[PDB]
Every structure is written in C-alpha cells, then in structure tokens.
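Asker: I need the structure of the sequence given here:
(chains A, B, C, D, E, F, G, H and I, ligands or ions: 32)
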Amino acid sequence: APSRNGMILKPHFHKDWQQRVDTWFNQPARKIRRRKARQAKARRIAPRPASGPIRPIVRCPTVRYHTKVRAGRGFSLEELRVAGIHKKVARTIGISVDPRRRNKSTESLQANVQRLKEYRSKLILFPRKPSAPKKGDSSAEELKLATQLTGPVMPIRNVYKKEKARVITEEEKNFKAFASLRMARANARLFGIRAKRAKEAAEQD
Amino acid sequence: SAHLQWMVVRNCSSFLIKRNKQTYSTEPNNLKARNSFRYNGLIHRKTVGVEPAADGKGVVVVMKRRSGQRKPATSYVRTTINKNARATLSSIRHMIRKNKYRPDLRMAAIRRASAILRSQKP
Amino acid sequence: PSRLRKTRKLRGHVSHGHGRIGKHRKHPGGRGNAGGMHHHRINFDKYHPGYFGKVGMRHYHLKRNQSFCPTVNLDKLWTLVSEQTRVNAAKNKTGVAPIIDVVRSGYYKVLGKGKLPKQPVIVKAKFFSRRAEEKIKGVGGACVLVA
Amino acid sequence: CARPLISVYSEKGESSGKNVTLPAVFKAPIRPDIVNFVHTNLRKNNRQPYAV
Amino acid sequence: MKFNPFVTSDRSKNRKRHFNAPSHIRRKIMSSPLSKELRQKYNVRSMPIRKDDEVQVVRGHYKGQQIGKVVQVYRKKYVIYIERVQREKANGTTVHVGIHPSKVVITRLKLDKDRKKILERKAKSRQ
Amino acid sequence: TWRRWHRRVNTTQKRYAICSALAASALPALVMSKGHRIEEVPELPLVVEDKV
Amino acid sequence: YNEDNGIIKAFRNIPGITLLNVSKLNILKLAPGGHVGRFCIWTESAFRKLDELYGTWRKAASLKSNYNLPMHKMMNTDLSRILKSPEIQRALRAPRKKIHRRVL
RNA sequence: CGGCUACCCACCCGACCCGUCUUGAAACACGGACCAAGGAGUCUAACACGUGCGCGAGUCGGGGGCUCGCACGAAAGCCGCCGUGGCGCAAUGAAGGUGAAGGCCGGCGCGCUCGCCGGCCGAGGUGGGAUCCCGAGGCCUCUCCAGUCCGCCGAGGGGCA
RNA sequence: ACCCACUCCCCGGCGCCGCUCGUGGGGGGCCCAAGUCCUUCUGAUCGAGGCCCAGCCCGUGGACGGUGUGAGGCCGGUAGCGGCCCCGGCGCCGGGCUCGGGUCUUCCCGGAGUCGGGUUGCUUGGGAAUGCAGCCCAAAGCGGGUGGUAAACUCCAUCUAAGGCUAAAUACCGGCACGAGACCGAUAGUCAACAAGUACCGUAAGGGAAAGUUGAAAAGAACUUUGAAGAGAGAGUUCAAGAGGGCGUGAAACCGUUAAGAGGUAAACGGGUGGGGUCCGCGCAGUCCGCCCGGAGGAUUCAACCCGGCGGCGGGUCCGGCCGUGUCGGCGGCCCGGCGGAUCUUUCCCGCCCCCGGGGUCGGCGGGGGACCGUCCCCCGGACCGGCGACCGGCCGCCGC
Ligand SMILES: [Mg+2]
Ligand SMILES: [Mg+2]
Ligand SMILES: [Mg+2]
Ligand SMILES: [Mg+2]
Ligand SMILES: [Mg+2]
Ligand SMILES: [Mg+2]
Ligand SMILES: [Mg+2]
Ligand SMILES: [Mg+2]
Ligand SMILES: [Mg+2]
Ligand SMILES: [Mg+2]
Ligand SMILES: [Mg+2]
Ligand SMILES: [Mg+2]
Ligand SMILES: [Mg+2]
Ligand SMILES: [Mg+2]
Ligand SMILES: [Mg+2]
Ligand SMILES: [Mg+2]
Ligand SMILES: [Mg+2]
Ligand SMILES: [Mg+2]
Ligand SMILES: [Mg+2]
Ligand SMILES: [Mg+2]
Ligand SMILES: [Mg+2]
Ligand SMILES: [Mg+2]
Ligand SMILES: [Mg+2]
Ligand SMILES: [Mg+2]
Ligand SMILES: [Mg+2]
Ligand SMILES: [Mg+2]
Ligand SMILES: [Mg+2]
Ligand SMILES: [Mg+2]
Ligand SMILES: [Mg+2]
Ligand SMILES: [Mg+2]
Ligand SMILES: [Mg+2]
Ligand SMILES: [Mg+2]
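Answerer: Numbering: from 1, shown residues only, chains lettered A, B, ... in the order given. Ligands and ions are numbered 1, 2, ... in the order given. I have put the structure below:
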C-alpha cells in the first residue's frame, strides 16, 4: 500500500459517509432569506435600531484573548443599580440585562455604568400622548434617523493608552532582568516547601 | 505598441481562418492574405492598402493618417486612382518610395493593385 | 480536464498502463496502513522512524490557550512601531527613549537576535529571554515587565 | 508613460467643449492569459449541479 | 424579456399547457385579427372567433378576397371551418378543410350583448 | 451531486483581469480584431454626457 | 454607467447590448468568451470615477482600501525601436547572411 | 489518350487465426456463428513532487455582512477598527522550561588553557565557482600630435547560487 | 409595618374613512407595434429596400402555438398599468379588572430510595471507571455538586440539581404548487415519455416487462377489372404513396433477381505487373500563360512642363499653446483641500477624577479642535524627452481633382 516516500495518512472515511453529506447548494438562498428577514424586522421595528438591546463592555476570560475587549450579553444588576434605573424597565427601554454576570472589578463597573449613562443620555423615546414626562415637544424629526447599524449607540472598538515617550530613570538599567522572572518562578514553586521547613524547624526550636 | 498587440492578435482573434493547412488573416486593410506581423494592417502606426473601387473601375488606396491615433473615424485617408495600367502602377510605387511610409510591402501593394486591375479589365 | 488527463492517450492499450503480468488487483498489498510492523517494516522504519510506541506522559484536558505565548525577535522589534518613531529617536534631542509595547502587536515573549540600532528603547513584555535582556541593556535600553 | 486627453461627445454626436484626461487603468498591463484564466475559473460559479 | 419569477420560459411546459388547455382558455387562444376598416371602428386589435361571424382567409392555400363564413369552431383541434373552403373526397363528397384562426382575418362580428361588453372593455383598457 | 462545481479566484487576480480588459478595450486593434464595427466611431472610449 | 436614472429601461430591449456598472465590473461581461477588447461606451461620471476606483501608480485607490494598480513589466513594449536604436546596434556582430549549403 | 485507387480476374514470390496467462501459442490450451446499439481508470477528501499565475514576510474572505426587487444575478462588486482564524515567520525537551551575531584595533588586571573596557562596520574562513572589473601586448593610406575610429587577450581582483 | 417624594393607565367586540413597501394576500377577464409592394415554396415565419431622420412600437426583440427559420398574425411578456370580487391589521363612539420606586425596622427562604458509595453490564476520546441502567448500602444543612489522576489535612473559585413552559437562526429524498439547468434524448433518462407498478410469473412474502414518430391537412386510395377472399393490375389525393393504417429517415448481418468476371490444392491476405469494365478530364497529327522591343492599320484623353488646388508624409524654429519626468519657489487651495502616522501640543476646549459653590495641574481617563511629517491641487521662472499627445506659420519632396 505505501509508496517510496510520503506522509502517512489516516483518512476518516471508513464509515458510511456518502449517505450523510451536507452540500451548501442552498447557501445563496439562505443568505437571501436572512437578508429579507433582517429587512422585514427592521421595517417592522423602524423607530427602534437593529440589534436594539445595548450590550456592555466584556473582557475575554482566557489568557490568550484577555488583552482585547469585546461585546457581551447584558448589563449586570449591580451596574443597573449604580445607573439608578429599575431592573424590569430596562428591557422595554432597550437595555439587555444579564442577571447571571457578576462584578469583580470596579474598573469595569465604572466603564459599564458610564456606558449605561451615555446610552440613557442619547436615548429618546416616544410616548402615547404628550402627558408622559422625560421628553421634548418635537422628536427631532424622527430623531434625524430611524434605524442604526452594527451597534445601537457605539461599537466595542478598542482603545489603547498612549504612553508616548519618557526619560529613562537611573535604576532602570538594573531594575528588572531575566533573573527576576526566574526568582519569581522559583519562589512560586518552592513557597509551601519553605513554609513546611520553617514549621518543622520551629517544632524542634 | 505593435508587438504587444500582435502577441494578442496572432491567435484568439477574429478574421482568422485556418481550416486547411494554410492560415489567412483577412483584414479590411491588408495587402496579402498571410497572418503575419509584417503584413497586419490593424496594429501598426503606418499602413497601406489597396482595394477595388465601388463604382466599377479604378483602385482606391487607404493610408493610415497617423496624425490622430485612436480615432478610427479619420484614421484612414482614402484616395481614388483611375488611370491606365501603368500610370496607377507608377503612382502607387511613388506613394511608397518618395515618402518613407513603411517602405516594405511596396511589392505586395503593387502586386495586389495589378491583380485587381486584371479583374477590373473585363 | 478529461481531455488533458492520461486516460485518453491510454485507449487501445489492453493493460491500461498497468502491465500484463501483474494486473491491477483491488488492494493487493493491504488496505490502508496494513502490516506496519511486518511485510512493511522496511518502509515504515526507513521513512517513518519513531512511529510505533509511546514516548511522553499524558496530559488530560489540554487547552491550547494556556501555552499561548508568541515570540518576537529584536530585528522585528522595530517593525511593530511606525517608521517616524525610529527617526525621531535617532534625532536625539535629549535622553528620551521611545516605548515599544509588544502586547499591542500580540507578542508576549521577546527573543534575542543581534544587530540592534544604537537608540535606547523601553520595552514592555510579559517574558524576556536572557540574551535579549543583555543585548537591549548593552545598548542603553530598558525592560519593563507587565502582566 | 503618457496619458492624453479624451474629449466628451454630446447626445447629438458632435464633440463637446469639455475634455477629460485618460485614467491610469487604461495603461494597465494587457494580460490575455490572466484574463482567460480568470474567465475560465469564474464562469464555473453560476452553473447548477446535475446528477443521476 | 421575461421578468416575473412565476411565469416559465420552458418550451416543454409551454407546449404542455397549450396542448392541455381547458375549453375556456382555448377560446382565448383561438383569436383572429380584425380588418383594417373595422379595427379603427372598434378600437380593438383582435377578437375570439364564434360560430356566426363572417371571416376572410388571408394566408394558406384557400386564400383570396372571397368573403366567407364560419360553420364550426373545433376547439379540440384549434381550428375553424368555412362553408365555401371545402374539398372533394375520393367518392366526390364535399368536406370542410381546416384552417387555423390565427391565419384568418375577421370582417364581420355578431353584435351580441356579451360581444359588445367585451369590445367596450377592450377599448377602455386600450384607452 | 457533491462534485466540485465552483472555483474561487484571488481578488487581486480578479482586479488584475478587470484592469487588463479595461486597458485592452482602449486599443483600436484589439477591439477591431474581435468583430465590432468601429470603422465610423469618432473616439474609441465613447464618453458621453450625463444626460443619457 | 453610474447613478442610474432609468437607463436600464432604455437599454434593456436592444439585442446584443450589455448593461454594466462602474462599482460592479464583471469579467464575464467585459471579456466575453475569454477574449479581450470589447467595444465600450462610457459616461462622463463613469469615466471620471475610474481614477478614484482603481487609482494610479502614484496614489492608491480611494474606494478600494488596500488595492494598487498592477505593476508594469516592460516599460517599452515596442521591439522594433529597441532593436533599431543606435545604442543596441553600436556593439552588434556582422550579419553574415551567407548560406553555406552542402557541397558535393 | 491518361488515370492511383475501396470493381473483377491471372500469373510469380511470400504467406498457419485473432485476444491474453506463459520461458514457450497457429496449436490436440482457453473465448469468438454473424451483424447493429451499450460497455470499463470516474468523482470527493488528504498527502508528495513539478509547472502557470497574483501578492510577498506576509498570504488567503472559502464564514458572515453591505448596495436596489430583478431574465442573464445560486453571478459579479465591496468590507478595512470583520484577519476571528488557517499556513509560514523558532526550534528543542517527557515535562516543569529554555530559546540562536559574528569580525577588526588598543589598553589593563600574572593580554594568564585570562575577563572587562572604548571605536567601527556588522552573519566568519578555506578550496572550487557562471558573471563582472582592472589589465602588460600587439591589430586601421605617405608622418611626431590626439580624442571615437580596428579590436581580441597573458596575468591579477571582488566573487551569485 | 412606618417615612419620603409620585403615577391615572392597560388589557377583550362592535361601524367607518386612508393605508401595509415592491408600492398586504387570493381569484377571473383586458391593455403597443406590417400581415403592404416583388420574387422562391404544397404551404410561409425565406430572400434586398421602404425619402434626408432612417417604413412602426419597444419599460413589451423570452417562450409557445400557427403548412419552416416571427418583435410586430394569436394567448402571452414590460409597466409603483387601469377597473371588478373575497380575506387579514394600523385611529377612532358602549361594556369588566386596576398602587409603583428608595432607605430604615421585623420575619421567611426550598424539590429524597434522591445525591453519593460498592458492585455488574452497555456506551464514551474521557483516562483509579464521561453518561445510563440492574442490585445492595443509603444521608446533610457553615450543607451538596464541580474544579479532567485515586486517598487524607487546609484554603479558594462557581452553581443551587432529584419540578415545569417558551418563537428565533437549524433539517427536510414524503406531501401540495412554482422556477431553473454547461444533465439524459427512447438499449439513455425514474422500472414506467405510450391503457406502468399495467400485462405476466409464483400459493404467498415477492418479482416485473417490451412498446413514441403517416400526412401541413385523412385529403386513409372513388371507380373498372382478376381472384371466393387474402392480394394485385389501372385509376385517384398529396410536392412526394420512393409516406398506404407500429406508415419520418431506412445501415449491417441474411436473402432474391439483373449485369460483369472467375472456378481441381477451402476461402481470404501482402509485394509487382497485365487484361476487362464503370467513371473521370481532355478532343485528341489542332491547342500554354504573362512582360519588353522592333513592324503592320484606326480611335481617345492623359502623362513631359506649368498653373489653380486639396489630402497625407518629413524634419528645421518647438515658433502662439498642450502635457510627461525632477528641484525649489507663491507657506499659497490648511479656516471658502484630502488620507495616514504607538510624531506632538496636560500653559486648548468639553464630560469625569484627587486635595483644600469656588480654588490648586497636584496627576490620570474618553471625545473634539491645531503644529510638524510621506503621499495629492493652480500660475510664474528654468533642468530632459518632445518620445505611440497634438495645432499653426514657412520649406523640399508625393497623390488625386
Ligand atoms: Mg506500485
Ligand atoms: Mg464499510
Ligand atoms: Mg505499450
Ligand atoms: Mg502506470
Ligand atoms: Mg505491483
Ligand atoms: Mg508474479
Ligand atoms: Mg424541463
Ligand atoms: Mg482487445
Ligand atoms: Mg496466473
Ligand atoms: Mg507451463
Ligand atoms: Mg496466441
Ligand atoms: Mg485455441
Ligand atoms: Mg480442453
Ligand atoms: Mg467455442
Ligand atoms: Mg459503440
Ligand atoms: Mg490572529
Ligand atoms: Mg415557430
Ligand atoms: Mg415567435
Ligand atoms: Mg399581440
Ligand atoms: Mg459535601
Ligand atoms: Mg462548597
Ligand atoms: Mg481540589
Ligand atoms: Mg486532582
Ligand atoms: Mg430545572
Ligand atoms: Mg427542566
Ligand atoms: Mg426554529
Ligand atoms: Mg452530458
Ligand atoms: Mg424498455
Ligand atoms: Mg371484387
Ligand atoms: Mg416518405
Ligand atoms: Mg417509414
Ligand atoms: Mg453469370
């Protein structure tokens, strides 16, 4: 079976595969159906923007992607409470709420409540009769626009601190080194052993 | 850009008929029938051609003006010569010898003019 | 292109390019990698050494995200920032050094390669190699650890 | 290279007074082989499958 | 050019729907043009054929200026019969010859209560 | 039915072919040798006004 | 064309015609059958938009982000002038147009 | 009158019935009574090499989205803060992990089987190596004078892959 | 349960006007433009044209049917085309329910033969056993599950299982309709293009075919004669019966007849001739063409040369102007010009933030404004090519009139 020289192959075609083969011959039709559905939904909900519910600022969990930031599902109950709006009214306002998410960092809490405040300040809703408060006499001629695309108020485009340039300090030549990381790893590896040794030494005293 | 156009026209082009072992280029402005670079009349900046007159006597000579290129409306000047068998033969020869104007294919133009005059004689 | 394949020029030849003595039988030697240890051992040991057996310890539920650590070299350390930064540092108006953060570009560890320019730099990375750390300090640069 | 001017023609057939310059796309390398390759490989996209 | 995605250009489908058309569609298919002096009078181009109207052959073998009258409209065969357009058999008996209604031009129509309505509807639609 | 019907082409090669065709459409020889009747045409790139 | 105002209606019934847009240029319509050199009729705006859609060798295209005009291989594609130039024929060899056929 | 041939006939010579298994086939080895139609190396996934094309330490929108409803449009055009991602740009260990710049000059400490310092270009050296450069020497109407004019080369140098 | 400052609304029928994005859904009928001249043909849709506004329409030149090959002769097609009938929602006139938000004080807060363990099977990539199941053992409330290697000690992170409902993107070789095809073209394509799951076969489960083409129109052969009839000889229709009721076209194997040739080593076959025959080209003692010159007779305008004159070629002055390739320059189009840049300007602004409404840059965050950088827009001044970018003035030398 093998030849002179070649990469050994293990094709996973030993099963009866020809009776289950998904050909994507309906891909243009599926894309057309999805586009027509999007257009119909946007036309039915015209005063509200596409992908209406605002989504919070979400950091990636894993260490591979924790350097960038992305969108999420909904704002936390703590963020809603700091914003000052009720939990159940945010859904009809247009704010997606995620009750399962917790808040561990005030650095993200302040960013989320600031995003919520910006959304609330930019938001303009329509009443049934002018007897409802928190509105104006004229609704900016359909708010200058009916529907928004790719994010209700703002995407999650990444920003970065500048830290343009600075003068090197005196001890920076001997501040850090590879030996520093090596010592850190050695201490993290031998932390508990040293504690047990100190314990058994104090036991003898 | 004569060779650049010839590298495209030498094949995959219209007017070309090679049903038998010989090939023919058959352009509206061409002296011989060979599909060659030295006889093609559509790619050069200077081209001479002869044709039987539409009235029924005489020979029309088409010359590439070269004054305005890429303007096929006035890119060709057409003259009519209706003389005896020798006066036209000498005028066509002078038209290529006095001016530089593509000194080759002079014999080709002369042979085609004589051959069409032979058919116009009856 | 069937008109360009070989089967067209094989019409009229009874064996169809497979010989009269040994015909084209359906899997005459075996199906797949059959007999990797016998009657194919010569090929399997000449062209695929180390194929049979186990070597290392097993790691259940391995995640490729933990071992994610791209490396950047010193010759590429200047391709991350723009070109005007290098000329502004070479102008040398004072003892100020540009800061080149590799975390933005996507590298976590900096590895050592030679031929560095004589301009001081401030590098911020999670990991540094010994050779790179000595070579950046031999020019007057600084290394900053991040997390 | 040289990019001359091309006059505009009116709806009656004569040349208008305005004039526009020749774009740089018309001086691109003429590649019949590349054109034929692209045409051959792109014409196979609109065909429908057939089977027994 | 065709643009409605609900009408077909298939030759086989068109032939099938034409050969198996119901009787109320065969009467619309079997339509004949009107004469020039009558077209300007009625402001209509064509009109279906009935049993009482007169007609004049314009093309075929039995063509000419002799005015004729229809006697049978054979919807099944998409044909009409004329009393004077006939032929002799082997034994000498007469039999009508079939000519398609598209190859014949009408000169006279039976003024019926429904025919006038169809005429005025076509005229108002042509406007 | 799962035969490889469609073939994908690089966008750069697609644009290369388009520019090649546009540059070839501006030469009178290449368009005359295709079969078009351009003997009476004043200018080969026919640029008309916006009224059309 | 560009910025349709009803030209498709006026050009949709002429046989052999083809309707094409500047923003959507199709090779199947520009070079039918695999042969280049199809006769084209442009508009003023359609002709002015080409410099911004494809760009020149100096500046890149504005509509397309990372696209530039293809590079040009032979700067002078005329072999006749190059072979007949004095610089080439200055250091050439003798023609030597003798046949030297077979001698009996 | 001239005419090869897909017409027929005769003589002279040579001439065993085709296909494949076999060292050996015309065989007393197998299949074929004859004729017409159909009939057998295809397609998918993966791998290796070679070739053509485009870009180039980058490359690829095949997955989705956008423009206008479209016969040709199940096409084509675009995304640019959609490059997430695949391949390559870094390898070596079972793993914890580590992870690629040489050469010249001068000085000091015992220039010590000896480290450091300062300046420079910056991927070492040897033997081959297409090509290129320099080049003694001689090659063009009577003469000392010349830049083109006729026009190759001994030897030597930096040396692609 | 107090305190505080607030909210008058929502949900189910009934009559109507105007719309809903392709301009909501379903159904019937209608809507542009030659059949005009001439000539082929059995038959026309074939064949050139319809005055200088290109014979007419075109948002309708797809397709079908019609004696063949139609944009205009006929349903049909384009058209936010019209008129008619039926169904569903958006706004408005009776009827029944009807206290939300925050702080503080007090109380309440949970699913059991189930988790888990032992054991035995099936399964999983899941390995000291991922999941399921059978038997046995079978609990707790600072508890229990999980944290990918079994076990003990300690800490940490996450969730609240043994109760339930829910459209979305997803799949569809059956069903009801539709559209399309680089597929098949009657031994192919579904077994089945046709009275096909039919004829037929086996007791039954079940197996399962073959089979399209007259003619434009039957106009399917009247009538006379032979034969009892099958059939045939005349005649008749059709352009055609050489299309006569499984009848378009009509090959090979095979067979009959006619003509030619040949015949004891079966026939056949390759090399080279001869004889006969069909047929082909020529008209066979009589057939080669074109150029120049010297002679023999006639008729014509031009050519030599000059003049009028247009059209093209060539370079000199690059002349009055055109643009390409580079360097400055008006710092001018930066506000009545564009992009990018981890290059800047915290003595610029706006919204936050630290310290003592206000003050302090003491520092930081997001957005906007503007300064320098590399690519682009106009005139002047010049550097090179005047080249496939081109005009006039003047000249030599051509062509036709
Ligand atoms: Mg092998
Ligand atoms: Mg199997
Ligand atoms: Mg062989
Ligand atoms: Mg082989
Ligand atoms: Mg073998
Ligand atoms: Mg063997
Ligand atoms: Mg079909
Ligand atoms: Mg064989
Ligand atoms: Mg054997
Ligand atoms: Mg044997
Ligand atoms: Mg044999
Ligand atoms: Mg045998
Ligand atoms: Mg035997
Ligand atoms: Mg036998
Ligand atoms: Mg066959
Ligand atoms: Mg990536
Ligand atoms: Mg027809
Ligand atoms: Mg038609
Ligand atoms: Mg009509
Ligand atoms: Mg527990
Ligand atoms: Mg716990
Ligand atoms: Mg643990
Ligand atoms: Mg563990
Ligand atoms: Mg539950
Ligand atoms: Mg549940
Ligand atoms: Mg669903
Ligand atoms: Mg096929
Ligand atoms: Mg059958
Ligand atoms: Mg009888
Ligand atoms: Mg027949
Ligand atoms: Mg028959
Ligand atoms: Mg005989």
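Asker: Strands of the chain, residue ranges please.
Answerer: In the absence of a named chain, this looks at chain A. Taking DSSP state E as the test, the strands found in chain A are A:58-59, A:69-70, A:165-167.
Asker: Switch to chain G, please.
Answerer: Listed in chain order, the strands of chain G (DSSP E) span G:41-43.
Asker: Take the strands of chain A and lay them out in CSV including distance to residue E:22 and mean neighbour count.
Answerer: Heads up, the C-betas are built off the backbone N, CA and C, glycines and all. Listed next are the strands of chain A as CSV, based on distance: least, CB to CB, whole Å; neighbours: other CB atoms under 10 Å in any protein chain shown:
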stretch, distance to residue E:22, mean neighbour count
strand A:58-59, 65, 16
strand A:69-70, 63, 14
strand A:165-167, 88, 12
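Asker: which stretch among those comes nearest RNA strand I?
Answerer: strand A:165-167 (3.9 Å; CB to the nearest atom of the strand).
Asker: elements contacting that closest one?
Answerer: Taking 3 or more CB pairs under 8 Å, 6 or more residues apart in numbering or on different chains; DSSP states H and E as contact, the helices and strands that strand A:165-167 lies on are strand C:96-101.
Asker: residues making contact with the strand it packs on?
Answerer: Under the criterion CB atoms under 8 Å, 6 or more residues apart in numbering or on different chains, residues A:163-168, C:77-78, C:80-81, C:85, C:88-89, C:119-125, C:140-142 lie in contact with strand C:96-101.
Asker: Among these, name the buried ones.
Answerer: When neighbours are counted using 16 or more other CB atoms under 10 Å in any protein chain shown, the contacts of strand C:96-101 contain these buried positions: A:168, C:77-78, C:81, C:85, C:89, C:119-125, C:141-142.
Asker: hey, where'd the helices end up in the chain?
Answerer: By default, I'm working from chain A. Taking DSSP state H, the helices of chain A run over residues A:27-44, A:77-83, A:89-93, A:106-122, A:140-143, A:178-189, A:191-204.
Asker: sorry, should have said chain G
Answerer: Across chain G, reading from the start of the chain, the helices by DSSP H fall at G:7-10, G:27-30, G:44-48, G:50-53, G:79-84, G:86-89.
Asker: The ones you listed: which one's closest to residue A:11?
Answerer: Nearest of the helices of chain G to residue A:11, taken as CB to CB: helix G:27-30 at 36.7 Å.
Asker: wait, does the lengthiest helix in chain B contact RNA strand I?
Answerer: Counting by DSSP H, the longest helix found in chain B is helix B:106-120. No - in terms of CB under 7 Å from any atom of the strand, no part of helix B:106-120 sits within range of RNA strand I; the closest distance is 8.4 Å.
Asker: Just list what that helix packs against, helices and strands only.
Answerer: For helix B:106-120, the packing partners by 3+ CB pairs under 8 Å, 6+ apart come out as strand B:48-52, strand B:59-64, helix B:87-97.
Asker: near chain B, which residues of chain D show up?
Answerer: Counting by CB under 8 Å from any CB of the partner chain, the residues of chain D lying close to chain B are D:30, D:32, D:36.
Asker: give me phi/psi at the last one?
Answerer: So the one you mean is residue D:36. With angles defined as degrees, to the nearest 10, residue D:36 shows backbone torsions of phi -70, psi -40.
Asker: same check, this time on the second one
Answerer: For residue D:32, the backbone dihedrals (degrees, to the nearest 10) come out as phi -60, psi -30.
Asker: my guess is it contacts residue B:9, does it?
Answerer: No - in this structure residue D:32 lies outside contact range of residue B:9 using CB atoms under 8 Å: 10.0 Å.
Asker: So between the two, which is more surrounded?
Answerer: The neighbour comparison of residue D:32 against residue B:9 (other CB atoms under 10 Å in any protein chain shown) goes to residue B:9, with 26 against 23.
Asker: Now do the contacts for the more buried one.
Answerer: Taking CB under 8 Å, 6+ apart as the criterion, residue B:9 is in contact with B:40, B:42, B:43, F:29, F:30, F:33.
Asker: on that earlier part again, who wins for proximity to residue G:26 among the helices and strands packed on helix B:106-120?
Answerer: Between residue G:26 and the helices and strands packed on helix B:106-120, the tightest spacing by CB to CB is seen for strand B:59-64, at 34.2 Å.
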